[PDB]
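Here's the structure we're looking at; comments come further down.
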Amino acid sequence: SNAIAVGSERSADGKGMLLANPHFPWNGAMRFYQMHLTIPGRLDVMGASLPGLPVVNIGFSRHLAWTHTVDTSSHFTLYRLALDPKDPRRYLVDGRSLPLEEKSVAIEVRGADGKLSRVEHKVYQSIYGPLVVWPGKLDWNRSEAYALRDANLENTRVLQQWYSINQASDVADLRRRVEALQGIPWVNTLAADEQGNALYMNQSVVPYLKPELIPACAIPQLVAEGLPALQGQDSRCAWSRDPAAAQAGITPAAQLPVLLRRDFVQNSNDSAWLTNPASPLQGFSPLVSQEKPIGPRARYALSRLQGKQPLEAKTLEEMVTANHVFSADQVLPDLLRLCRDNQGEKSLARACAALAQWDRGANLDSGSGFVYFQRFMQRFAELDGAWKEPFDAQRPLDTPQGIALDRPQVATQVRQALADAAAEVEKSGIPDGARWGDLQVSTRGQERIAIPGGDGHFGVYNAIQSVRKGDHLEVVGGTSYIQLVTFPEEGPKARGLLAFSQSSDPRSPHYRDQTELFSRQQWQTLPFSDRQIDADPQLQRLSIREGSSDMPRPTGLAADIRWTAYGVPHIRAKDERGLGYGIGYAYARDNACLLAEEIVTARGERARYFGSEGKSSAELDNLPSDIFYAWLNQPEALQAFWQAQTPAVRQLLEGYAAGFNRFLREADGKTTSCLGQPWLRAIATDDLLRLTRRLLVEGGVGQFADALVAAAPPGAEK
């Protein structure tokens with residue numbers, strides 16, 4: 001993801017400005033959805049949300065705009081267990097042998113003969129949490145095992161936190177509300193307001209270790225490799241408690257990175273360190289933020305942001321729409337000289353021709369030199385000491401740079417890498433003169449739409465990730481909800497797109513209408529004021545209600561919904577229950593089948609409906625996925641989560657479930673491709689809690705779902 005907030009000292013109008021370019025999946029449980037929420041007098045926010053959540057996750061209001069990027073802080077720790085020498089199912093803490101707890105979950109599996117069979121699976125747990133096995137790295141033998149403690153399993157505040165963000169007035173209010181609750185699971189927050197403040201916060205839920213414990217409690221070999229691993233045989237390595245923290249064991253808000261400026265702040269998934277290089281952020285826990293070389297996207301952004309010239313909205317938009325492959329700036333000059341040094345090497349002629357004509361872009365009409373450049377860079381990354389100027393901590397924005405062609409060993413390996421890359425490109429089936437837009441597409445029914453952009457690891461700010469499918473590259477994730485917000489006199493001016501369009505259902509009018517615009521890179525107004533909404537010739541309006549009494553006076557659930565162009569709903573209600581009612585109904589109209597599928601996943605019922613050979617939209621096998629979510633979303637966990645919700649959040653969720661179900665009752669297939677399927681059914685608030693918790697652990701134990709399912713104690717092997 002990318003984010004840039006510009007303040008009064010650098011903006012062309014002297015006010016705040018925000019570019020939100022989150023990079024997220026184009027399908028599944030993290031597919032963004034645009035909506036505008038209003039409870040007149042006290043809530044008025046617009047942006048995009050994630051499936052099943054009745055709050056705006058990235059968006060803007062009258063005076064404020066905010067967005068998020070995945071951060072580099074740890075949101076869990078691994079614990080290396082010391083096993084009981086007498087018993088591999090017991091482990092030692094302060095030399096005392098403790099038994100592992102055993103939790104069995106039962107999964108129903110649809111077999112080839114259509115019958116259901118029951119599968120029982122044991123999940124072993126320690127005082128820290130479940131055991132995890134990565135064969136060859138985190139084993140469970142007779143000496144050691146590994147447990148995982150996820151900090152967000154106890155974060156019952158996540159929905160309250162975004163509802164609170166949705167009510168924030170300006171940057172200072174937003175900061176207060178986030179630091180007060182500490183409900184953000186695993187993202188940075190960047191924001192700008194009309195008075196020209198630009199805010200960066202690494203304010204998320206992070207395991208807390210007092211500084212004196214961190215070197216003693218770490219596992220050096222695992223930490224050096226990138227895992228937050230601690231000594232689990234020592235009770236002194238438990239997360240530290242500080243009553244200023246909102247949650248037992250997490251890092252107090254005052255110890256997390258914050259930068260409040262009036263020039264700019266930026267983040268492209270590196271640490272807090274170089275958010276703005278004029279004020280580096282340093283001295284934090286390694287669980288929080290480290291001074292690691294920035295990736296090419298952030299290096300690109302900083303190359304465009306530094307200096308003293310004022311920044312216009314158009315400048316930020318074109319940082320996305322230029323599709324510049326910034327990694328080429330570092331190697332392509334040296335690479336093209338090697339090409340000029342080896343004319344008549346027939347093995348390099350096509351590659352060198354394509355790389356020389358190339359516009360250095362990932363545009364629809366960029367030539368095949370992009371493909372040659374990608375395959376080369378995949379090999380260049382594996383070479384040792386091939387940079388002319390290696391990374392230099394005192395030049396962290398300008399290094400590494402160039403190829404060390406003057407060393408004949410580097411020259412030999414680089415030329416071989418280019419030959420191998422050329423061979424791979426030509427081995428694969430791609431026409432002569434094919435262009436990048438001819439290769440990378442998003443399928444919509446039986447047709448394709450050409451998609452610009454390229455992988456973010458090549459320094460394309462418009463990051464697009466794709467996989468080979470048949471004859472093409474199918475987009476699976478990247479640029480998603482785009483929002484560029486400025487604050488002129490009359491109200492917030494928001495511009496952007498939802499790259500993959502509002503609806504995942506091929507029957508919907510809003511299945512590919514913004515994707516056509518994304519292909520052409522034509523961003524649109526995001527209408528927010530009543531005047532803007534009223535000016536839309538596509539405007540449609542629906543009022544819905546159901547429930548208690550209903551008279552001699554207004555009772556029950558009620559919402560007013562207006563849709564503007566591209567199927568963007570604007571939901572007005574007098575309370576949270578009515579607001580949720582409108583959200584659930586509108587979301588179901590566009591995405592009922594998606595939500596039903598993701599609820600099956602979060603209920604651990606994939607194998608029941610689809611058998612063991614299928615996968616979830618997260619690409620986990622159905623039965624391991626079911627085991628994980630049956631373990632994650634046990635009744636006791638859901639009940640405790642529900643009991644911790646505020647009245648307002650409970651009401652939002654109750655309304656959402658009722659509005660979703662209202663659409664299902666009335667649907668006749670106009671926009672719903674799965675009517676009649678046994679897994680498309682009425683939902684409950686528990687189902688929304690299952691989705692919420694599934695999202696909660698995406699920064700923690702969820703990433704280890706396969707490792708949890710694989711964790712079993714050794715037998716009698718040598």
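Convention: chains lettered A, B, ... in structure tokens order; per-chain residue numbering from 1; ligands numbered from 1 as shown.
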Practice problem: Excluding region 638-652 of chain A and any residue of its chain fewer than 5 positions from it, enumerate the residues within 7 Å of it, using only C-alpha atoms, and give them as a list in words. | Solution: residues 54, 156, 159, 160, 576, 577, 579, 580, 633, 686 and 689 of chain A
Self-check item: Picked from region 320-526 of chain A by DSSP as alpha helix (DSSP H), as JSON, numbers by chain
Solution: {"A": [320, 321, 328, 329, 330, 331, 332, 333, 334, 335, 336, 337, 338, 339, 340, 341, 349, 350, 351, 352, 353, 354, 355, 356, 357, 369, 370, 371, 372, 373, 374, 375, 376, 377, 378, 379, 380, 408, 409, 410, 411, 412, 413, 414, 415, 416, 417, 418, 419, 420, 421, 422, 423, 424, 425, 426, 427, 436, 437, 438, 439, 513, 514, 515, 516, 517, 518, 519, 520]}
Exercise. Would you please extract all strand (DSSP E) residues from region 508-641 of chain A, as assigned by DSSP on the backbone, and give them as an MDAnalysis selection string?
Key: chainID A and resid 524:525 540:546 557:564 568:572
Serialized selection, C-alpha atoms, as an mmCIF file, in the first residue's frame:
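Written out: out_1.cif:
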```cif
data_model
loop_
_atom_site.group_PDB
_atom_site.id
_atom_site.type_symbol
_atom_site.label_atom_id
_atom_site.label_comp_id
_atom_site.auth_asym_id
_atom_site.auth_seq_id
_atom_site.Cartn_x
_atom_site.Cartn_y
_atom_site.Cartn_z
ATOM 1 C CA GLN A 524 -13.872 10.121 -11.011
ATOM 2 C CA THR A 525 -15.582 12.351 -8.486
ATOM 3 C CA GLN A 540 -31.487 6.422 -7.440
ATOM 4 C CA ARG A 541 -33.184 6.358 -4.057
ATOM 5 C CA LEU A 542 -34.767 3.648 -1.916
ATOM 6 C CA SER A 543 -36.150 3.791 1.634
ATOM 7 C CA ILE A 544 -36.542 0.504 3.520
ATOM 8 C CA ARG A 545 -37.827 -0.479 6.938
ATOM 9 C CA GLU A 546 -38.984 -3.474 8.954
ATOM 10 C CA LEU A 557 -35.130 -0.485 11.607
ATOM 11 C CA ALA A 558 -35.182 2.098 8.831
ATOM 12 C CA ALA A 559 -32.732 3.489 6.299
ATOM 13 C CA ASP A 560 -32.697 5.861 3.366
ATOM 14 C CA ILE A 561 -30.336 4.791 0.563
ATOM 15 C CA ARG A 562 -29.210 6.839 -2.425
ATOM 16 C CA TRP A 563 -26.934 5.357 -5.094
ATOM 17 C CA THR A 564 -24.749 7.549 -7.279
ATOM 18 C CA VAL A 568 -21.956 3.728 -4.650
ATOM 19 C CA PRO A 569 -24.535 3.777 -1.812
ATOM 20 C CA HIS A 570 -25.136 6.732 0.512
ATOM 21 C CA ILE A 571 -26.915 5.463 3.627
ATOM 22 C CA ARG A 572 -28.781 7.863 5.937
#
```
Self-check item: Selection near region 434-443 of chain A, 8 Å with only C-alpha atoms, sequence-local residues under 2 positions removed, as a ChimeraX atom specification
Solution: /A:362-368,370-371,430-432,445-452,466,471-475
Quiz item: Using only C-alpha atoms, which residues sit within 8 Å of region 614-623 of chain A once same-chain residues fewer than 3 positions away are excluded, as a PyMOL selection string?
Solution: chain A and resi 27-29+107+109+598+601+606-607+610-611+626-627+706
Could those selected residues go to a file with N, CA, C and O atoms, as a tab-separated table (two decimals), in the first residue's frame?
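As written to disk, out_22.tsv reads:
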```tsv
chain	number	residue	atom	x	y	z
A	27	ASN	N	-10.29	-9.98	-4.84
A	27	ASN	CA	-11.38	-10.89	-4.52
A	27	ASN	C	-11.34	-11.23	-3.04
A	27	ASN	O	-10.32	-11.03	-2.37
A	28	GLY	N	-12.44	-11.78	-2.54
A	28	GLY	CA	-12.43	-12.43	-1.25
A	28	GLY	C	-12.73	-11.51	-0.09
A	28	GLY	O	-13.26	-10.40	-0.24
A	29	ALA	N	-12.34	-11.97	1.11
A	29	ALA	CA	-12.73	-11.33	2.37
A	29	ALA	C	-12.07	-9.96	2.61
A	29	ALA	O	-12.48	-9.25	3.53
A	107	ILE	N	-14.98	-31.35	12.23
A	107	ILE	CA	-15.28	-30.78	10.92
A	107	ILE	C	-16.06	-31.81	10.13
A	107	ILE	O	-15.70	-32.98	10.10
A	109	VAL	N	-17.16	-33.19	6.44
A	109	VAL	CA	-16.51	-33.21	5.13
A	109	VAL	C	-17.45	-33.91	4.15
A	109	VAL	O	-17.84	-35.06	4.37
A	598	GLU	N	-17.51	-16.15	2.19
A	598	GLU	CA	-16.53	-15.84	3.22
A	598	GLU	C	-17.05	-16.17	4.60
A	598	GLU	O	-16.26	-16.46	5.51
A	601	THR	N	-16.36	-19.82	5.03
A	601	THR	CA	-14.95	-19.96	5.42
A	601	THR	C	-14.77	-19.66	6.90
A	601	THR	O	-14.15	-20.44	7.63
A	606	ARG	N	-16.22	-24.96	4.89
A	606	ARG	CA	-15.90	-25.14	3.48
A	606	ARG	C	-15.98	-26.60	3.05
A	606	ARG	O	-16.53	-26.92	1.99
A	607	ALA	N	-15.40	-27.51	3.85
A	607	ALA	CA	-15.39	-28.92	3.46
A	607	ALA	C	-16.80	-29.50	3.46
A	607	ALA	O	-17.08	-30.44	2.71
A	610	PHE	N	-18.20	-27.97	0.03
A	610	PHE	CA	-17.39	-28.03	-1.18
A	610	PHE	C	-16.39	-29.18	-1.23
A	610	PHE	O	-15.71	-29.34	-2.25
A	611	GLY	N	-16.28	-29.98	-0.18
A	611	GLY	CA	-15.37	-31.10	-0.21
A	611	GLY	C	-13.94	-30.69	0.13
A	611	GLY	O	-13.61	-29.51	0.25
A	626	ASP	N	-10.89	-25.01	7.52
A	626	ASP	CA	-11.99	-25.25	8.46
A	626	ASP	C	-11.47	-25.51	9.87
A	626	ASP	O	-12.05	-25.02	10.85
A	627	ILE	N	-10.43	-26.34	10.01
A	627	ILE	CA	-9.86	-26.59	11.32
A	627	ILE	C	-9.44	-25.28	11.97
A	627	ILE	O	-9.74	-25.02	13.13
A	706	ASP	N	-1.80	-22.84	8.33
A	706	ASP	CA	-1.31	-24.16	7.93
A	706	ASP	C	-0.39	-24.75	9.00
A	706	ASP	O	-0.43	-25.96	9.27
```
Practice problem: Report the distance between CA of residue 301 (chain A) and CA of residue 326 (chain A) in Å, rounded to one decimal place. | Solution: 9.7 Å
Quiz prompt | Long-range neighbours of residue 146 (chain A) as JSON, numbers by chain, 6 Å cut-off, only C-alpha atoms, 2 positions minimum in chain | solution = {"A": [79, 80, 81, 131, 132]}
Next, the residues of the selection above should be written as a CSV table (one decimal), in the first residue's frame with N, CA, C and O atoms.
```csv
chain,number,residue,atom,x,y,z
A,79,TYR,N,7.1,-18.3,20.6
A,79,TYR,CA,7.8,-18.7,21.8
A,79,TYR,C,8.4,-20.1,21.5
A,79,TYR,O,7.7,-21.0,21.2
A,80,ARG,N,9.7,-20.1,21.7
A,80,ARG,CA,10.4,-21.4,21.6
A,80,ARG,C,10.2,-22.2,22.9
A,80,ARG,O,10.7,-21.7,24.0
A,81,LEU,N,9.6,-23.3,22.9
A,81,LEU,CA,9.3,-24.1,24.1
A,81,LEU,C,10.5,-25.0,24.3
A,81,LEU,O,11.1,-25.5,23.4
A,131,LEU,N,0.4,-24.3,19.3
A,131,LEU,CA,1.7,-24.7,18.8
A,131,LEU,C,1.6,-24.7,17.2
A,131,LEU,O,0.5,-24.8,16.6
A,132,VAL,N,2.8,-24.3,16.6
A,132,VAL,CA,2.8,-24.2,15.2
A,132,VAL,C,4.1,-25.0,14.7
A,132,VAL,O,5.1,-24.9,15.3
```
If you take only C-alpha atoms and a cut-off of 8 Å, which residues of region 57-147 of chain A touch region 177-197 of chain A, and what are their nearest atom pairs and distances in Å to one decimal, in chain and number order, as CSV?
```
residue,atom,partner,partner_atom,distance
A:63,CA,A:194,CA,5.2
A:64,CA,A:193,CA,4.4
A:65,CA,A:191,CA,5.5
A:66,CA,A:191,CA,4.1
A:67,CA,A:190,CA,5.5
A:68,CA,A:189,CA,4.6
A:69,CA,A:188,CA,5.2
A:70,CA,A:187,CA,4.4
A:71,CA,A:187,CA,5.0
A:73,CA,A:186,CA,7.7
A:75,CA,A:186,CA,6.7
```
Can I get the selected residues back with N, CA and C atoms, as an mmCIF file, in the first residue's frame?
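Result file selection_36.cif:
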```
data_model
loop_
_atom_site.group_PDB
_atom_site.id
_atom_site.type_symbol
_atom_site.label_atom_id
_atom_site.label_comp_id
_atom_site.auth_asym_id
_atom_site.auth_seq_id
_atom_site.Cartn_x
_atom_site.Cartn_y
_atom_site.Cartn_z
ATOM 1 N N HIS A 63 -13.784 17.597 7.333
ATOM 2 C CA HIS A 63 -12.492 18.248 7.519
ATOM 3 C C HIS A 63 -11.296 17.293 7.530
ATOM 4 N N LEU A 64 -11.489 16.000 7.268
ATOM 5 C CA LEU A 64 -10.425 15.032 7.532
ATOM 6 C C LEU A 64 -10.426 13.947 6.466
ATOM 7 N N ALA A 65 -9.234 13.427 6.151
ATOM 8 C CA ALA A 65 -9.109 12.230 5.324
ATOM 9 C C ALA A 65 -8.033 11.347 5.931
ATOM 10 N N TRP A 66 -8.260 10.040 5.929
ATOM 11 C CA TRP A 66 -7.280 9.137 6.512
ATOM 12 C C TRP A 66 -7.215 7.877 5.660
ATOM 13 N N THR A 67 -6.093 7.184 5.784
ATOM 14 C CA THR A 67 -5.918 5.916 5.105
ATOM 15 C C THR A 67 -4.975 5.066 5.940
ATOM 16 N N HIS A 68 -4.670 3.871 5.429
ATOM 17 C CA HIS A 68 -3.866 2.917 6.172
ATOM 18 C C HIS A 68 -2.909 2.203 5.237
ATOM 19 N N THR A 69 -1.796 1.736 5.810
ATOM 20 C CA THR A 69 -0.853 0.864 5.118
ATOM 21 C C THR A 69 -0.427 -0.237 6.083
ATOM 22 N N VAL A 70 -0.158 -1.437 5.552
ATOM 23 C CA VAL A 70 0.357 -2.510 6.403
ATOM 24 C C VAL A 70 1.707 -2.093 6.972
ATOM 25 N N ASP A 71 1.876 -2.262 8.285
ATOM 26 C CA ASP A 71 3.075 -1.783 8.958
ATOM 27 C C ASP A 71 4.095 -2.920 9.089
ATOM 28 N N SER A 73 5.603 -3.532 12.134
ATOM 29 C CA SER A 73 5.679 -3.972 13.511
ATOM 30 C C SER A 73 5.193 -5.409 13.622
ATOM 31 N N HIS A 75 2.921 -8.213 15.417
ATOM 32 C CA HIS A 75 1.626 -8.249 16.095
ATOM 33 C C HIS A 75 1.422 -9.583 16.786
#
```
Quiz prompt | Residues within 10 Å of region 345-356 of chain A, only C-alpha atoms, excluding chain neighbours under 4 positions, as a VMD selection string | solution = chain A and resid 332 to 333 335 to 341 360 367 to 373 376 415 to 416 418 to 423 425 to 426 433
So that I can check the surroundings of residue 511 (chain A), please list as an mmCIF file with N, CA, C and O atoms, in the first residue's frame every protein, DNA and RNA residue that reaches within 12 Å of it, counting only C-alpha atoms and ignoring chain neighbours fewer than 3 positions away.
```cif
data_model
loop_
_atom_site.group_PDB
_atom_site.id
_atom_site.type_symbol
_atom_site.label_atom_id
_atom_site.label_comp_id
_atom_site.auth_asym_id
_atom_site.auth_seq_id
_atom_site.Cartn_x
_atom_site.Cartn_y
_atom_site.Cartn_z
ATOM 1 N N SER A 442 -7.694 -8.434 -16.275
ATOM 2 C CA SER A 442 -8.638 -8.907 -15.278
ATOM 3 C C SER A 442 -9.841 -9.481 -16.002
ATOM 4 O O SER A 442 -10.486 -8.781 -16.790
ATOM 5 N N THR A 443 -10.140 -10.747 -15.739
ATOM 6 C CA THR A 443 -11.229 -11.417 -16.429
ATOM 7 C C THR A 443 -12.567 -10.972 -15.854
ATOM 8 O O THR A 443 -12.733 -10.859 -14.637
ATOM 9 N N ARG A 444 -13.518 -10.704 -16.743
ATOM 10 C CA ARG A 444 -14.871 -10.299 -16.363
ATOM 11 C C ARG A 444 -15.822 -11.120 -17.229
ATOM 12 O O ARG A 444 -16.024 -10.812 -18.406
ATOM 13 N N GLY A 445 -16.378 -12.178 -16.652
ATOM 14 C CA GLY A 445 -17.196 -13.092 -17.432
ATOM 15 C C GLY A 445 -16.346 -13.774 -18.487
ATOM 16 O O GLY A 445 -15.310 -14.376 -18.189
ATOM 17 N N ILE A 449 -10.149 -7.353 -19.485
ATOM 18 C CA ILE A 449 -9.869 -5.923 -19.502
ATOM 19 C C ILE A 449 -8.389 -5.751 -19.195
ATOM 20 O O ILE A 449 -7.887 -6.305 -18.208
ATOM 21 N N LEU A 498 -12.761 2.657 -7.526
ATOM 22 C CA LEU A 498 -12.594 1.321 -6.975
ATOM 23 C C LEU A 498 -12.205 0.468 -8.180
ATOM 24 O O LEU A 498 -13.050 0.162 -9.027
ATOM 25 N N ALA A 499 -10.918 0.112 -8.255
ATOM 26 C CA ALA A 499 -10.338 -0.454 -9.474
ATOM 27 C C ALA A 499 -11.112 -1.666 -9.985
ATOM 28 O O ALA A 499 -11.298 -1.826 -11.200
ATOM 29 N N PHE A 500 -11.566 -2.539 -9.084
ATOM 30 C CA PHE A 500 -12.243 -3.756 -9.499
ATOM 31 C C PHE A 500 -13.771 -3.634 -9.514
ATOM 32 O O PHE A 500 -14.446 -4.640 -9.770
ATOM 33 N N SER A 501 -14.312 -2.432 -9.282
ATOM 34 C CA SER A 501 -15.748 -2.113 -9.302
ATOM 35 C C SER A 501 -16.481 -2.621 -8.065
ATOM 36 O O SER A 501 -15.974 -3.485 -7.334
ATOM 37 N N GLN A 502 -17.691 -2.099 -7.841
ATOM 38 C CA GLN A 502 -18.409 -2.324 -6.582
ATOM 39 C C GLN A 502 -18.790 -3.787 -6.386
ATOM 40 O O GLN A 502 -18.764 -4.305 -5.262
ATOM 41 N N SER A 503 -19.159 -4.474 -7.449
ATOM 42 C CA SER A 503 -19.778 -5.783 -7.312
ATOM 43 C C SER A 503 -18.865 -6.881 -7.835
ATOM 44 O O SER A 503 -18.284 -6.751 -8.914
ATOM 45 N N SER A 504 -18.776 -7.971 -7.079
ATOM 46 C CA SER A 504 -18.081 -9.181 -7.502
ATOM 47 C C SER A 504 -18.983 -10.131 -8.283
ATOM 48 O O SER A 504 -18.533 -11.218 -8.684
ATOM 49 N N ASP A 505 -20.244 -9.755 -8.508
ATOM 50 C CA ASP A 505 -21.182 -10.655 -9.143
ATOM 51 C C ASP A 505 -21.307 -10.309 -10.622
ATOM 52 O O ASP A 505 -21.639 -9.157 -10.957
ATOM 53 N N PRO A 506 -21.019 -11.250 -11.534
ATOM 54 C CA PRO A 506 -21.064 -10.934 -12.974
ATOM 55 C C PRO A 506 -22.406 -10.419 -13.453
ATOM 56 O O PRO A 506 -22.454 -9.738 -14.484
ATOM 57 N N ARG A 507 -23.487 -10.701 -12.734
ATOM 58 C CA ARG A 507 -24.800 -10.210 -13.150
ATOM 59 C C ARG A 507 -25.022 -8.734 -12.838
ATOM 60 O O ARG A 507 -25.997 -8.151 -13.323
ATOM 61 N N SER A 508 -24.140 -8.103 -12.051
ATOM 62 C CA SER A 508 -24.429 -6.750 -11.605
ATOM 63 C C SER A 508 -24.017 -5.714 -12.653
ATOM 64 O O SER A 508 -23.021 -5.894 -13.355
ATOM 65 N N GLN A 514 -16.209 0.456 -13.227
ATOM 66 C CA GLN A 514 -15.010 1.184 -12.827
ATOM 67 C C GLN A 514 -13.727 0.507 -13.306
ATOM 68 O O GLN A 514 -12.678 1.156 -13.380
ATOM 69 N N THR A 515 -13.778 -0.788 -13.593
ATOM 70 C CA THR A 515 -12.590 -1.465 -14.107
ATOM 71 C C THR A 515 -12.250 -0.998 -15.519
ATOM 72 O O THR A 515 -11.068 -0.908 -15.878
ATOM 73 N N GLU A 516 -13.265 -0.708 -16.333
ATOM 74 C CA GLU A 516 -13.017 -0.062 -17.615
ATOM 75 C C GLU A 516 -12.327 1.285 -17.415
ATOM 76 O O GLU A 516 -11.372 1.619 -18.124
ATOM 77 N N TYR A 566 -21.937 4.244 -10.558
ATOM 78 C CA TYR A 566 -21.107 3.071 -10.285
ATOM 79 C C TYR A 566 -21.626 2.283 -9.092
ATOM 80 O O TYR A 566 -20.918 1.395 -8.606
ATOM 81 N N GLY A 567 -22.845 2.567 -8.621
ATOM 82 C CA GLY A 567 -23.452 1.781 -7.569
ATOM 83 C C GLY A 567 -22.936 2.084 -6.186
ATOM 84 O O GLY A 567 -22.962 1.202 -5.320
ATOM 85 N N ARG A 589 -26.910 -6.373 -2.140
ATOM 86 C CA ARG A 589 -27.297 -6.179 -3.534
ATOM 87 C C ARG A 589 -26.116 -6.401 -4.467
ATOM 88 O O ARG A 589 -26.277 -6.965 -5.556
ATOM 89 N N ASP A 590 -24.918 -5.976 -4.048
ATOM 90 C CA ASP A 590 -23.720 -6.076 -4.883
ATOM 91 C C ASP A 590 -22.914 -7.339 -4.625
ATOM 92 O O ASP A 590 -22.192 -7.796 -5.523
ATOM 93 N N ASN A 591 -22.973 -7.904 -3.411
ATOM 94 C CA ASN A 591 -21.952 -8.884 -3.042
ATOM 95 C C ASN A 591 -22.475 -9.980 -2.125
ATOM 96 O O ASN A 591 -21.705 -10.532 -1.325
ATOM 97 N N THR A 671 -29.080 -9.430 -9.552
ATOM 98 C CA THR A 671 -27.687 -9.115 -9.242
ATOM 99 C C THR A 671 -27.018 -10.180 -8.377
ATOM 100 O O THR A 671 -25.999 -9.887 -7.742
ATOM 101 N N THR A 672 -27.551 -11.400 -8.343
ATOM 102 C CA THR A 672 -27.106 -12.450 -7.418
ATOM 103 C C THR A 672 -27.031 -13.766 -8.183
ATOM 104 O O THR A 672 -28.062 -14.300 -8.600
#
```
